[PDB]
>>> print(open('structure36.cif').read())   # mmCIF, N, CA and C atoms
data_structure
#
loop_
_atom_site.label_atom_id
_atom_site.label_comp_id
_atom_site.auth_asym_id
_atom_site.auth_seq_id
_atom_site.Cartn_x
_atom_site.Cartn_y
_atom_site.Cartn_z
N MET A 1 59.82 -89.38 -3.51
CA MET A 1 58.77 -88.58 -4.19
C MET A 1 59.17 -87.12 -4.26
N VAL A 2 59.71 -86.71 -5.40
CA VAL A 2 60.13 -85.33 -5.58
C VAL A 2 58.96 -84.45 -6.05
N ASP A 3 58.57 -83.50 -5.22
CA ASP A 3 57.47 -82.61 -5.56
C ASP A 3 58.01 -81.34 -6.18
N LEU A 4 58.63 -81.50 -7.34
CA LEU A 4 59.23 -80.39 -8.07
C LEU A 4 58.17 -79.50 -8.71
N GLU A 5 57.00 -80.05 -8.95
CA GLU A 5 55.91 -79.30 -9.58
C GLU A 5 55.33 -78.24 -8.64
N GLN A 6 55.89 -78.13 -7.44
CA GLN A 6 55.40 -77.16 -6.46
C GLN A 6 56.41 -76.03 -6.25
N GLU A 7 57.63 -76.22 -6.75
CA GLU A 7 58.68 -75.21 -6.58
C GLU A 7 58.64 -74.19 -7.71
N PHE A 8 57.77 -74.42 -8.68
CA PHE A 8 57.64 -73.54 -9.82
C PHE A 8 56.22 -73.09 -9.80
N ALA A 9 55.94 -72.13 -8.96
CA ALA A 9 54.60 -71.68 -8.82
C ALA A 9 54.57 -70.23 -8.40
N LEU A 10 53.49 -69.88 -7.75
CA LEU A 10 53.23 -68.52 -7.31
C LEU A 10 54.33 -67.96 -6.43
N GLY A 11 55.14 -67.07 -7.00
CA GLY A 11 56.22 -66.44 -6.26
C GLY A 11 57.31 -67.42 -5.92
N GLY A 12 57.38 -68.50 -6.68
CA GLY A 12 58.38 -69.50 -6.44
C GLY A 12 59.71 -69.09 -7.01
N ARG A 13 60.77 -69.46 -6.32
CA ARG A 13 62.10 -69.15 -6.78
C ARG A 13 62.60 -70.30 -7.63
N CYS A 14 62.98 -69.99 -8.85
CA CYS A 14 63.45 -71.01 -9.76
C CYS A 14 64.59 -70.52 -10.61
N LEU A 15 65.12 -71.43 -11.40
CA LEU A 15 66.19 -71.13 -12.31
C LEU A 15 65.61 -71.27 -13.70
N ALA A 16 66.10 -70.50 -14.63
CA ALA A 16 65.58 -70.59 -15.98
C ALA A 16 66.72 -70.46 -16.97
N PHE A 17 66.58 -71.12 -18.09
CA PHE A 17 67.62 -71.11 -19.10
C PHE A 17 67.46 -69.96 -20.07
N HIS A 18 68.27 -68.94 -19.86
CA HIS A 18 68.30 -67.81 -20.75
C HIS A 18 69.38 -68.11 -21.76
N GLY A 19 68.97 -68.61 -22.91
CA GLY A 19 69.93 -69.01 -23.90
C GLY A 19 70.53 -70.33 -23.49
N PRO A 20 71.83 -70.39 -23.19
CA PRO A 20 72.49 -71.60 -22.75
C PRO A 20 72.72 -71.67 -21.24
N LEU A 21 72.33 -70.64 -20.49
CA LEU A 21 72.61 -70.66 -19.06
C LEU A 21 71.39 -70.46 -18.17
N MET A 22 71.55 -70.92 -16.93
CA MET A 22 70.53 -70.83 -15.90
C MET A 22 70.69 -69.56 -15.06
N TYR A 23 69.58 -68.90 -14.77
CA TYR A 23 69.59 -67.69 -13.96
C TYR A 23 68.53 -67.77 -12.88
N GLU A 24 68.68 -66.97 -11.83
CA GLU A 24 67.72 -66.96 -10.73
C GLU A 24 66.57 -66.04 -11.10
N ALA A 25 65.35 -66.45 -10.79
CA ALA A 25 64.19 -65.63 -11.11
C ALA A 25 63.01 -65.93 -10.19
N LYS A 26 62.11 -64.97 -10.11
CA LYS A 26 60.91 -65.09 -9.29
C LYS A 26 59.69 -65.19 -10.19
N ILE A 27 58.96 -66.29 -10.07
CA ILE A 27 57.77 -66.51 -10.89
C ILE A 27 56.63 -65.64 -10.42
N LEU A 28 56.13 -64.84 -11.35
CA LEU A 28 55.06 -63.91 -11.08
C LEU A 28 53.73 -64.38 -11.67
N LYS A 29 53.79 -65.11 -12.77
CA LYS A 29 52.57 -65.62 -13.41
C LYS A 29 52.80 -67.04 -13.93
N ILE A 30 52.04 -68.00 -13.42
CA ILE A 30 52.16 -69.38 -13.88
C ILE A 30 51.31 -69.55 -15.12
N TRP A 31 51.72 -70.39 -16.05
CA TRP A 31 50.96 -70.56 -17.26
C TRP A 31 50.47 -71.98 -17.43
N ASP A 32 49.17 -72.12 -17.65
CA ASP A 32 48.57 -73.43 -17.85
C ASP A 32 48.02 -73.54 -19.26
N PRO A 33 48.68 -74.35 -20.11
CA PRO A 33 48.30 -74.53 -21.52
C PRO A 33 47.02 -75.35 -21.70
N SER A 34 46.42 -75.76 -20.59
CA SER A 34 45.20 -76.56 -20.64
C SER A 34 43.98 -75.67 -20.85
N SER A 35 44.10 -74.43 -20.41
CA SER A 35 43.02 -73.47 -20.54
C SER A 35 43.49 -72.28 -21.36
N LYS A 36 44.80 -72.05 -21.31
CA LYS A 36 45.46 -70.97 -22.04
C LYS A 36 45.28 -69.68 -21.28
N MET A 37 45.20 -69.89 -20.00
CA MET A 37 45.10 -68.89 -19.02
C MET A 37 46.39 -69.00 -18.24
N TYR A 38 46.58 -68.14 -17.30
CA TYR A 38 47.77 -68.14 -16.51
C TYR A 38 47.37 -67.71 -15.12
N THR A 39 48.13 -68.07 -14.11
CA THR A 39 47.78 -67.67 -12.78
C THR A 39 48.86 -66.79 -12.19
N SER A 40 48.54 -65.52 -12.06
CA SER A 40 49.46 -64.53 -11.54
C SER A 40 49.28 -64.35 -10.05
N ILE A 41 50.10 -63.49 -9.48
CA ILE A 41 50.02 -63.19 -8.05
C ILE A 41 49.85 -61.70 -7.85
N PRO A 42 48.90 -61.29 -7.00
CA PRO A 42 48.65 -59.88 -6.73
C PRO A 42 49.42 -59.37 -5.50
N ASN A 43 50.34 -58.45 -5.74
CA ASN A 43 51.13 -57.86 -4.66
C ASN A 43 51.39 -56.39 -4.96
N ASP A 44 52.13 -56.14 -6.03
CA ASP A 44 52.43 -54.77 -6.45
C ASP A 44 51.25 -54.20 -7.23
N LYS A 45 50.14 -54.01 -6.54
CA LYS A 45 48.93 -53.49 -7.17
C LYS A 45 48.61 -52.09 -6.66
N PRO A 46 47.94 -51.27 -7.50
CA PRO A 46 47.56 -49.90 -7.16
C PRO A 46 46.30 -49.83 -6.30
N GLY A 47 45.91 -50.96 -5.73
CA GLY A 47 44.74 -51.00 -4.89
C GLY A 47 43.71 -52.00 -5.37
N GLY A 48 42.79 -51.54 -6.19
CA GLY A 48 41.73 -52.39 -6.70
C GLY A 48 40.43 -52.16 -5.96
N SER A 49 39.32 -52.52 -6.58
CA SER A 49 38.01 -52.34 -5.96
C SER A 49 37.85 -53.25 -4.75
N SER A 50 38.08 -54.54 -4.96
CA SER A 50 37.96 -55.53 -3.91
C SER A 50 38.69 -56.81 -4.30
N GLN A 51 37.98 -57.71 -4.96
CA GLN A 51 38.56 -58.97 -5.41
C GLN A 51 39.30 -58.79 -6.73
N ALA A 52 39.09 -57.63 -7.35
CA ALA A 52 39.70 -57.28 -8.64
C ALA A 52 41.17 -57.68 -8.72
N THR A 53 41.95 -57.26 -7.74
CA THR A 53 43.36 -57.60 -7.73
C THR A 53 43.75 -58.26 -6.42
N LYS A 54 42.92 -59.21 -6.00
CA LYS A 54 43.17 -59.94 -4.77
C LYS A 54 43.07 -61.43 -5.02
N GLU A 55 42.17 -61.82 -5.91
CA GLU A 55 41.97 -63.22 -6.25
C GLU A 55 42.28 -63.45 -7.72
N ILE A 56 43.49 -63.91 -7.99
CA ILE A 56 43.93 -64.17 -9.35
C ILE A 56 43.45 -65.52 -9.83
N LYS A 57 42.33 -65.50 -10.51
CA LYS A 57 41.77 -66.70 -11.10
C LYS A 57 42.49 -66.92 -12.43
N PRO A 58 42.47 -68.15 -12.98
CA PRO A 58 43.12 -68.43 -14.26
C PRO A 58 42.63 -67.48 -15.34
N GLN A 59 43.47 -66.52 -15.70
CA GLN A 59 43.11 -65.52 -16.70
C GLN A 59 43.75 -65.81 -18.04
N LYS A 60 42.94 -65.72 -19.08
CA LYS A 60 43.36 -65.98 -20.44
C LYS A 60 44.30 -64.89 -20.90
N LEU A 61 45.22 -65.26 -21.76
CA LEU A 61 46.19 -64.32 -22.29
C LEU A 61 45.55 -63.13 -22.98
N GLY A 62 45.87 -61.95 -22.49
CA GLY A 62 45.39 -60.72 -23.10
C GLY A 62 45.94 -60.51 -24.51
N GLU A 63 45.82 -59.30 -25.02
CA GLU A 63 46.27 -58.99 -26.38
C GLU A 63 47.75 -58.59 -26.43
N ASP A 64 48.37 -58.39 -25.28
CA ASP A 64 49.78 -57.99 -25.22
C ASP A 64 50.55 -59.00 -24.37
N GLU A 65 50.04 -60.22 -24.34
CA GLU A 65 50.65 -61.26 -23.53
C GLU A 65 50.95 -62.52 -24.34
N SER A 66 50.78 -62.43 -25.65
CA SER A 66 51.03 -63.55 -26.56
C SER A 66 52.35 -64.27 -26.24
N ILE A 67 52.21 -65.47 -25.69
CA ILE A 67 53.35 -66.30 -25.31
C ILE A 67 53.84 -67.13 -26.50
N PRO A 68 55.17 -67.26 -26.68
CA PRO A 68 55.75 -68.07 -27.76
C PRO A 68 55.12 -69.46 -27.80
N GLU A 69 54.65 -69.85 -28.98
CA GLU A 69 53.99 -71.14 -29.17
C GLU A 69 54.86 -72.33 -28.77
N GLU A 70 56.17 -72.12 -28.73
CA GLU A 70 57.10 -73.18 -28.38
C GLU A 70 57.10 -73.45 -26.87
N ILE A 71 56.57 -72.50 -26.10
CA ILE A 71 56.52 -72.63 -24.65
C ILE A 71 55.09 -72.49 -24.10
N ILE A 72 54.19 -71.97 -24.94
CA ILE A 72 52.79 -71.76 -24.58
C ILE A 72 52.07 -73.07 -24.28
N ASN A 73 52.54 -74.15 -24.86
CA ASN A 73 51.90 -75.42 -24.64
C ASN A 73 52.77 -76.30 -23.76
N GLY A 74 53.69 -75.67 -23.05
CA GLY A 74 54.58 -76.44 -22.18
C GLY A 74 54.62 -75.94 -20.75
N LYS A 75 53.52 -75.35 -20.27
CA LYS A 75 53.44 -74.80 -18.91
C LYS A 75 54.53 -73.76 -18.73
N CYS A 76 54.15 -72.51 -18.81
CA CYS A 76 55.12 -71.45 -18.73
C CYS A 76 55.08 -70.76 -17.38
N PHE A 77 56.05 -69.90 -17.16
CA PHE A 77 56.18 -69.15 -15.94
C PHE A 77 56.70 -67.77 -16.25
N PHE A 78 55.87 -66.78 -16.02
CA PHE A 78 56.26 -65.41 -16.26
C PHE A 78 57.05 -64.95 -15.06
N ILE A 79 58.35 -65.00 -15.20
CA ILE A 79 59.25 -64.64 -14.14
C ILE A 79 59.86 -63.29 -14.38
N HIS A 80 60.49 -62.84 -13.35
CA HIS A 80 61.20 -61.61 -13.36
C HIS A 80 62.63 -61.95 -12.97
N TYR A 81 63.51 -61.97 -13.97
CA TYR A 81 64.92 -62.32 -13.79
C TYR A 81 65.56 -61.57 -12.63
N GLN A 82 65.96 -62.31 -11.61
CA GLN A 82 66.61 -61.74 -10.44
C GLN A 82 68.00 -61.27 -10.82
N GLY A 83 68.30 -60.02 -10.53
CA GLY A 83 69.60 -59.47 -10.86
C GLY A 83 69.50 -58.47 -11.99
N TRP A 84 68.42 -58.57 -12.76
CA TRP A 84 68.18 -57.66 -13.86
C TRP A 84 67.21 -56.57 -13.43
N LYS A 85 65.98 -56.64 -13.92
CA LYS A 85 64.93 -55.67 -13.59
C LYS A 85 63.62 -56.11 -14.22
N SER A 86 62.58 -55.28 -14.10
CA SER A 86 61.27 -55.59 -14.65
C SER A 86 61.29 -55.63 -16.17
N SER A 87 62.31 -55.03 -16.76
CA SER A 87 62.46 -55.01 -18.21
C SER A 87 62.88 -56.39 -18.71
N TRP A 88 63.11 -57.31 -17.78
CA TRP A 88 63.52 -58.66 -18.12
C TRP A 88 62.50 -59.67 -17.61
N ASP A 89 61.27 -59.23 -17.47
CA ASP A 89 60.19 -60.12 -17.05
C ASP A 89 59.79 -60.95 -18.26
N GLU A 90 60.27 -62.19 -18.31
CA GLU A 90 60.02 -63.07 -19.45
C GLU A 90 59.27 -64.35 -19.06
N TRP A 91 58.77 -65.04 -20.08
CA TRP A 91 58.04 -66.29 -19.91
C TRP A 91 58.99 -67.47 -20.08
N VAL A 92 59.15 -68.27 -19.04
CA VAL A 92 59.99 -69.46 -19.12
C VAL A 92 59.18 -70.69 -18.74
N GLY A 93 59.29 -71.75 -19.51
CA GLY A 93 58.52 -72.94 -19.21
C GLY A 93 59.41 -74.06 -18.73
N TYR A 94 58.84 -75.25 -18.55
CA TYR A 94 59.59 -76.42 -18.09
C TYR A 94 60.71 -76.78 -19.07
N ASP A 95 60.71 -76.07 -20.17
CA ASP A 95 61.69 -76.26 -21.23
C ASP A 95 62.99 -75.56 -20.87
N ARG A 96 62.88 -74.49 -20.10
CA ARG A 96 64.05 -73.73 -19.70
C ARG A 96 64.10 -73.55 -18.19
N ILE A 97 62.97 -73.72 -17.54
CA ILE A 97 62.90 -73.53 -16.11
C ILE A 97 63.30 -74.79 -15.34
N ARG A 98 63.95 -74.56 -14.22
CA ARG A 98 64.42 -75.61 -13.34
C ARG A 98 64.04 -75.26 -11.91
N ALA A 99 64.47 -76.07 -10.95
CA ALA A 99 64.14 -75.84 -9.57
C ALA A 99 65.34 -75.25 -8.91
N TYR A 100 65.12 -74.18 -8.22
CA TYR A 100 66.18 -73.51 -7.54
C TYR A 100 66.58 -74.31 -6.30
N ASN A 101 67.64 -75.10 -6.46
CA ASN A 101 68.15 -75.94 -5.39
C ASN A 101 69.67 -75.96 -5.42
N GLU A 102 70.28 -76.93 -4.76
CA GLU A 102 71.74 -77.01 -4.71
C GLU A 102 72.32 -77.82 -5.87
N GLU A 103 71.46 -78.41 -6.69
CA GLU A 103 71.92 -79.22 -7.81
C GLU A 103 71.92 -78.45 -9.13
N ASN A 104 70.78 -77.84 -9.46
CA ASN A 104 70.65 -77.11 -10.71
C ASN A 104 71.52 -75.87 -10.68
N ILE A 105 71.64 -75.30 -9.50
CA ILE A 105 72.45 -74.13 -9.29
C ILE A 105 73.91 -74.50 -9.37
N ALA A 106 74.22 -75.69 -8.86
CA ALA A 106 75.58 -76.20 -8.88
C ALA A 106 76.06 -76.26 -10.32
N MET A 107 75.12 -76.53 -11.22
CA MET A 107 75.44 -76.56 -12.63
C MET A 107 75.62 -75.12 -13.09
N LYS A 108 74.66 -74.26 -12.72
CA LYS A 108 74.66 -72.84 -13.07
C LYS A 108 76.01 -72.20 -12.76
N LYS A 109 76.58 -72.58 -11.63
CA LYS A 109 77.90 -72.07 -11.22
C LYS A 109 78.95 -72.48 -12.24
N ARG A 110 79.06 -73.78 -12.47
CA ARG A 110 80.00 -74.32 -13.44
C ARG A 110 79.65 -73.81 -14.83
N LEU A 111 78.37 -73.69 -15.05
CA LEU A 111 77.82 -73.24 -16.30
C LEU A 111 78.21 -71.82 -16.62
N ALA A 112 78.13 -70.94 -15.65
CA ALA A 112 78.49 -69.56 -15.89
C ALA A 112 79.99 -69.42 -15.97
N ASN A 113 80.69 -70.48 -15.62
CA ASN A 113 82.13 -70.49 -15.70
C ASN A 113 82.57 -71.20 -16.98
N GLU A 114 81.79 -72.21 -17.38
CA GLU A 114 82.10 -73.00 -18.57
C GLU A 114 81.44 -72.43 -19.82
N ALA A 115 80.20 -71.97 -19.72
CA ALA A 115 79.52 -71.41 -20.89
C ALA A 115 80.08 -70.02 -21.18
N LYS A 116 80.92 -69.57 -20.27
CA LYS A 116 81.54 -68.27 -20.37
C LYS A 116 83.00 -68.39 -20.79
N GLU A 117 83.57 -69.59 -20.66
CA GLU A 117 84.96 -69.81 -21.04
C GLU A 117 85.05 -70.38 -22.44
N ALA A 118 83.95 -70.98 -22.89
CA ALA A 118 83.88 -71.58 -24.22
C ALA A 118 84.35 -70.59 -25.29
N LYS A 119 85.45 -70.93 -25.94
CA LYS A 119 86.01 -70.07 -26.97
C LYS A 119 86.05 -70.78 -28.31
N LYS A 120 85.14 -70.40 -29.20
CA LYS A 120 85.07 -70.97 -30.53
C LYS A 120 84.35 -69.99 -31.45
#
>>> encode(input="structure36.cif", output="structure tokens")
Amino acid sequence: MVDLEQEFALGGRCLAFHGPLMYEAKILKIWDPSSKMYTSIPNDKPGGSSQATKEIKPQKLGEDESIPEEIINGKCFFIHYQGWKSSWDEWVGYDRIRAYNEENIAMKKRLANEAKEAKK
């Protein structure tokens, strides 16, 4: 019984396919296409009144959060690409996201060596 649906969650470490390759990233906001809300995590907050930024309930996509329709209905994950910066905080779904383990990464290794050697 592989509980992979738990490794891609709140602050979960996962791999995501940026183009043709897998990268390490930290999930900051989970996306549920059933409500069209997403579940973020409160940590880097400027304080807040009380529950304002302490209890992240499923919040609907704001006006500057429009997620690509190709991934909006496929459970997305607003991650922050590890190794880059906040300027690379992108939405990755089960379409590009994987589980950060010794198997998917094992591919990533070969992948960053093979998808990088491909000459055509």
>>> atom_distance(input="structure36.cif", atom1="atom CA of residue A:115", atom2="atom CA of residue A:21")
7.2 Å
>>> atom_distance(input="structure36.cif", atom1="atom N of residue A:105", atom2="atom N of residue A:7")
14.3 Å
>>> select_by_dssp(input="structure36.cif", residues="chain A", states="strand (DSSP E or B)", output="MDAnalysis selection string")
chainID A and resid 13:18 21:32 37:40 59:60 76:81 89:93 97:99
>>> resolve_selection(input="structure36.cif", expression="the PyMOL selection byres (((chain A and resi 43-59 and name CA) around 12) and name CA)", output="PyMOL selection string")
chain A and resi 10-11+28-42+60-62+65
>>> atom_distance(input="structure36.cif", atom1="atom C of residue A:15", atom2="atom CA of residue A:73")
18.0 Å
>>> residues_around(input="structure36.cif", residues="residue A:96", least_positions_apart="6", cutoff="6.5 Å", atoms="all atoms listed in the file", output="ChimeraX atom specification")
/A:15-18
>>> resolve_selection(input="structure36.cif", expression="the PyMOL selection byres ((chain A and resi 78-89) around 5)", output="count of residues only")
12
>>> closest_residue(input="structure36.cif", among="A:93, A:98, A:12, A:103", to="residue A:71", atoms="all atoms listed in the file")
A:93
>>> residues_around(input="structure36.cif", residues="residue A:4", least_positions_apart="3", cutoff="10 Å", atoms="only C-alpha atoms", output="number ranges by chain")
A: 1, 7-9, 98-100
>>> axis_aligned_box(input="structure36.cif", around="stretch 3-8 of chain A", padding_each_side="4 Å", output="AutoDock Vina command-line options")
--center_x 57.3 --center_y -78.3 --center_z -7.5 --size_x 11.9 --size_y 18.4 --size_z 12.6
>>> closest_residue(input="structure36.cif", among="A:94, A:64, A:22, A:120", to="residue A:107", atoms="all atoms listed in the file")
A:22
>>> select_by_dssp(input="structure36.cif", residues="chain A", states="helix (DSSP H, G or I)", output="compact mmCIF listing (two decimals) with N, CA and C atoms, keeping the file's coordinate frame")
# COMPACT_ATOMS: atom_id res chain seq x y z
N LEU A 4 58.63 -81.50 -7.34
CA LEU A 4 59.23 -80.39 -8.07
C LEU A 4 58.17 -79.50 -8.71
N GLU A 5 57.00 -80.05 -8.95
CA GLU A 5 55.91 -79.30 -9.58
C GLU A 5 55.33 -78.24 -8.64
N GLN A 6 55.89 -78.13 -7.44
CA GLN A 6 55.40 -77.16 -6.46
C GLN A 6 56.41 -76.03 -6.25
N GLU A 69 54.65 -69.85 -28.98
CA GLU A 69 53.99 -71.14 -29.17
C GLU A 69 54.86 -72.33 -28.77
N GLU A 70 56.17 -72.12 -28.73
CA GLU A 70 57.10 -73.18 -28.38
C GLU A 70 57.10 -73.45 -26.87
N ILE A 71 56.57 -72.50 -26.10
CA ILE A 71 56.52 -72.63 -24.65
C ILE A 71 55.09 -72.49 -24.10
N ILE A 72 54.19 -71.97 -24.94
CA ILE A 72 52.79 -71.76 -24.58
C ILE A 72 52.07 -73.07 -24.28
N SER A 86 62.58 -55.28 -14.10
CA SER A 86 61.27 -55.59 -14.65
C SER A 86 61.29 -55.63 -16.17
N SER A 87 62.31 -55.03 -16.76
CA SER A 87 62.46 -55.01 -18.21
C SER A 87 62.88 -56.39 -18.71
N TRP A 88 63.11 -57.31 -17.78
CA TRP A 88 63.52 -58.66 -18.12
C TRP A 88 62.50 -59.67 -17.61
N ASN A 104 70.78 -77.84 -9.46
CA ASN A 104 70.65 -77.11 -10.71
C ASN A 104 71.52 -75.87 -10.68
N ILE A 105 71.64 -75.30 -9.50
CA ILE A 105 72.45 -74.13 -9.29
C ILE A 105 73.91 -74.50 -9.37
N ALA A 106 74.22 -75.69 -8.86
CA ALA A 106 75.58 -76.20 -8.88
C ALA A 106 76.06 -76.26 -10.32
N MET A 107 75.12 -76.53 -11.22
CA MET A 107 75.44 -76.56 -12.63
C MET A 107 75.62 -75.12 -13.09
N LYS A 108 74.66 -74.26 -12.72
CA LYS A 108 74.66 -72.84 -13.07
C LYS A 108 76.01 -72.20 -12.76
N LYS A 109 76.58 -72.58 -11.63
CA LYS A 109 77.90 -72.07 -11.22
C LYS A 109 78.95 -72.48 -12.24
N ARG A 110 79.06 -73.78 -12.47
CA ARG A 110 80.00 -74.32 -13.44
C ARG A 110 79.65 -73.81 -14.83
N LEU A 111 78.37 -73.69 -15.05
CA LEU A 111 77.82 -73.24 -16.30
C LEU A 111 78.21 -71.82 -16.62
N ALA A 112 78.13 -70.94 -15.65
CA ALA A 112 78.49 -69.56 -15.89
C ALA A 112 79.99 -69.42 -15.97
N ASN A 113 80.69 -70.48 -15.62
CA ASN A 113 82.13 -70.49 -15.70
C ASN A 113 82.57 -71.20 -16.98
N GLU A 114 81.79 -72.21 -17.38
CA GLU A 114 82.10 -73.00 -18.57
C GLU A 114 81.44 -72.43 -19.82
>>> closest_residue(input="structure36.cif", among="A:63, A:95, A:106, A:117", to="residue A:75", atoms="only N, CA and C atoms")
A:95
>>> decode(input="structure36.cif", residues="stretch 3-17 of chain A", atoms="N, CA, C and O atoms", output="JSON list (two decimals), in the first residue's frame")
[["chain", "number", "residue", "atom", "x", "y", "z"],
["A", 3, "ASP", "N", 1.36, 5.01, 0.03],
["A", 3, "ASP", "CA", 0.62, 6.22, 0.36],
["A", 3, "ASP", "C", 1.35, 7.43, -0.21],
["A", 3, "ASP", "O", 1.83, 8.29, 0.51],
["A", 4, "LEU", "N", 1.41, 7.47, -1.54],
["A", 4, "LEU", "CA", 2.07, 8.54, -2.26],
["A", 4, "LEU", "C", 1.27, 9.84, -2.21],
["A", 4, "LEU", "O", 1.83, 10.93, -2.31],
["A", 5, "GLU", "N", -0.03, 9.73, -2.00],
["A", 5, "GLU", "CA", -0.90, 10.90, -1.95],
["A", 5, "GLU", "C", -0.67, 11.73, -0.69],
["A", 5, "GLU", "O", -1.34, 12.74, -0.48],
["A", 6, "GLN", "N", 0.28, 11.32, 0.14],
["A", 6, "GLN", "CA", 0.57, 12.03, 1.38],
["A", 6, "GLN", "C", 1.93, 12.73, 1.32],
["A", 6, "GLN", "O", 2.24, 13.58, 2.15],
["A", 7, "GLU", "N", 2.72, 12.38, 0.32],
["A", 7, "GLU", "CA", 4.06, 12.97, 0.17],
["A", 7, "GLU", "C", 4.01, 14.25, -0.63],
["A", 7, "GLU", "O", 5.00, 14.96, -0.74],
["A", 8, "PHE", "N", 2.83, 14.58, -1.15],
["A", 8, "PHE", "CA", 2.64, 15.76, -1.95],
["A", 8, "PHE", "C", 1.60, 16.55, -1.23],
["A", 8, "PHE", "O", 0.41, 16.48, -1.56],
["A", 9, "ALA", "N", 2.01, 17.25, -0.21],
["A", 9, "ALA", "CA", 1.09, 17.97, 0.57],
["A", 9, "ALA", "C", 1.75, 19.17, 1.20],
["A", 9, "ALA", "O", 2.75, 19.70, 0.70],
["A", 10, "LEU", "N", 1.18, 19.58, 2.31],
["A", 10, "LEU", "CA", 1.62, 20.76, 3.04],
["A", 10, "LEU", "C", 3.09, 20.70, 3.43],
["A", 10, "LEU", "O", 3.47, 19.97, 4.34],
["A", 11, "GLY", "N", 3.91, 21.47, 2.72],
["A", 11, "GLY", "CA", 5.33, 21.53, 3.01],
["A", 11, "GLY", "C", 6.03, 20.24, 2.66],
["A", 11, "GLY", "O", 7.11, 19.95, 3.18],
["A", 12, "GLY", "N", 5.41, 19.47, 1.79],
["A", 12, "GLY", "CA", 5.98, 18.21, 1.38],
["A", 12, "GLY", "C", 7.07, 18.40, 0.37],
["A", 12, "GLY", "O", 7.01, 19.31, -0.47],
["A", 13, "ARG", "N", 8.09, 17.56, 0.45],
["A", 13, "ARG", "CA", 9.19, 17.63, -0.49],
["A", 13, "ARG", "C", 8.88, 16.71, -1.65],
["A", 13, "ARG", "O", 8.59, 15.53, -1.46],
["A", 14, "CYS", "N", 8.89, 17.26, -2.84],
["A", 14, "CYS", "CA", 8.59, 16.49, -4.03],
["A", 14, "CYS", "C", 9.45, 16.89, -5.19],
["A", 14, "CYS", "O", 10.25, 17.83, -5.12],
["A", 15, "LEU", "N", 9.28, 16.16, -6.27],
["A", 15, "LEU", "CA", 9.98, 16.42, -7.50],
["A", 15, "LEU", "C", 8.95, 16.88, -8.49],
["A", 15, "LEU", "O", 7.80, 16.45, -8.43],
["A", 16, "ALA", "N", 9.32, 17.74, -9.40],
["A", 16, "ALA", "CA", 8.37, 18.21, -10.38],
["A", 16, "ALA", "C", 9.04, 18.33, -11.72],
["A", 16, "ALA", "O", 10.24, 18.60, -11.81],
["A", 17, "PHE", "N", 8.27, 18.10, -12.77],
["A", 17, "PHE", "CA", 8.81, 18.14, -14.11],
["A", 17, "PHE", "C", 8.77, 19.53, -14.71],
["A", 17, "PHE", "O", 7.72, 20.01, -15.14]]
